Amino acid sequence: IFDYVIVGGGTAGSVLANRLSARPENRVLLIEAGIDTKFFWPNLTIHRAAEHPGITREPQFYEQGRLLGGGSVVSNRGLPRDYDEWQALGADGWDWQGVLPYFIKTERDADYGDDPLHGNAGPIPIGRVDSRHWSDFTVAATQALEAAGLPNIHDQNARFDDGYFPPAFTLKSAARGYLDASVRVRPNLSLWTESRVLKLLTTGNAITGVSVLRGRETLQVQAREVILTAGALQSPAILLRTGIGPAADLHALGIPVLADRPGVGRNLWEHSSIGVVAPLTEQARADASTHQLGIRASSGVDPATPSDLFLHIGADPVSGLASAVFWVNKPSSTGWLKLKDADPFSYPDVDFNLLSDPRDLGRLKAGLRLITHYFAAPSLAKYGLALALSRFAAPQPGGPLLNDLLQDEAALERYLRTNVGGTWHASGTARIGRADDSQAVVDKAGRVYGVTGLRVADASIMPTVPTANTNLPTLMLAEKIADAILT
């Protein structure tokens, strides 16, 4: 009988395996469906933009890590206001002051590790490119940003106003930080790779372990506590197949209901993305030859949500393209997922419902206007780049000219509703909330309401997606939950 069985060995699971097995008396098992460290869940499709008249949506492949260390290189925290809002929404203690010590605990900052908002002893090394190694292309971009009044904020992780910066990244995954060779040798930590949890085992309303598919056979593993860290799409599906979720939906599938929890699979957040590309002219190719540049900006669409855009300006001599890709980093739209059926091998039916709130369409237009503004500044205009729209994930030629789409706002709206993407920042499907909030799924230490023996401790638990790439925040949150468990 294990003390803790952790379901899924990705970013959060690795943290928890490490932290919980640090105590010799904790017998811990981490189960991961992928290989030890093609690399994704095969044939996993999702609906992207909200159903809309005139537009025809199809299912799209959505990459989710399927390997030890999972989704884990850009490594950023978000803003104080994100975490203060998590507390306002019922995540007691998850305000900025509450999460900041866990952001510190996770990291070793090469550049700023002695500053009071940083760590210098954590397992995840974080650093930035020296802004002196910047290409002349990047420099020209910074001169255009300067002319609009943007400072170089240097360190996006301890300075929170609008501006530009060298992006912080982890380069030497969460597997090599948290499951290094010292940790894997621990006697009390087991680590099953290529092994897939099928179902949670229950005794009444207690979860008592898991059924696992390992090699060719199905095993039962008994457990005092089960922690789901299967990801924001699969953790809530596991909950739903277990009978934890909206009763009517489960009864429709013949699933016996352990607890009627209407928040399970709701509150699906993402960041809404789009690209702009141009072929590199010769000056631009040459200048680019000498993660460079991130930009935090405000769209002005909603005064309540400053710093709601993230943009990256870059040039790549290899594909022969300049690009400006960006996303809505503080959105208003949310989606949902539900089961297709009770089969443990089925993926859920996922609808991100992107641009369902028209403020997000407003934000993408504003971002596009900002990009035309910057590239009109002399130091970027000199390159004579011809900017065309593209999908965020597949930045390639084929889209219409930026300057011409902005002059046809109905055509602009059609293009964005058709081609809007995600940034793989799926979150919020098993959210933290108060004991008397009927849409909450877990308490402030990840314990699932309505049952015993079960926590959730991955990106599913985020009350909202933060103003950030979701890997560092997930590491933080796993750190915080581990500490609460250890009590």
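All residue numbers refer to positions in the sequence shown, first residue = 1.
- Going from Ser72 to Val73, you skip over 4 to 9 residues of the deposited sequence that the entry leaves unmodelled.
- According to the record, the deposited sequence contains 4 to 9 residues between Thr290 and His291 that were left without coordinates.
- Looking at mean Cα B-factors across 100 to 108 and 281 to 289, the upper value is held by 281 to 289.
- According to the PDB record, 394 to 402 carries the higher mean C-alpha B-factor of the two stretches 240 to 248 and 394 to 402.
- Reading the B-factor column for the CA atoms of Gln156, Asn353, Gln222, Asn329 in the entry, the top value corresponds to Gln222.
- Highest CA B-factor among the listed residues (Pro53, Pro42, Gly453, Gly428): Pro53.
- The deposited CA B-factor of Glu63 belongs to the lowest third of values across its chain.
- Ranked by Cα temperature factor within the chain, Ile6 sits in the lowest third according to the deposited record.
- The entry lists a Cα temperature factor for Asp260 that places it in the middle third of the chain's modelled residues.
- When the CA B factors of the chain's modelled residues are split into thirds, the value for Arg447 lands in the lowest one.
- Annotation for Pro123: CA B-factor lies in the middle third of the chain's modelled residues.
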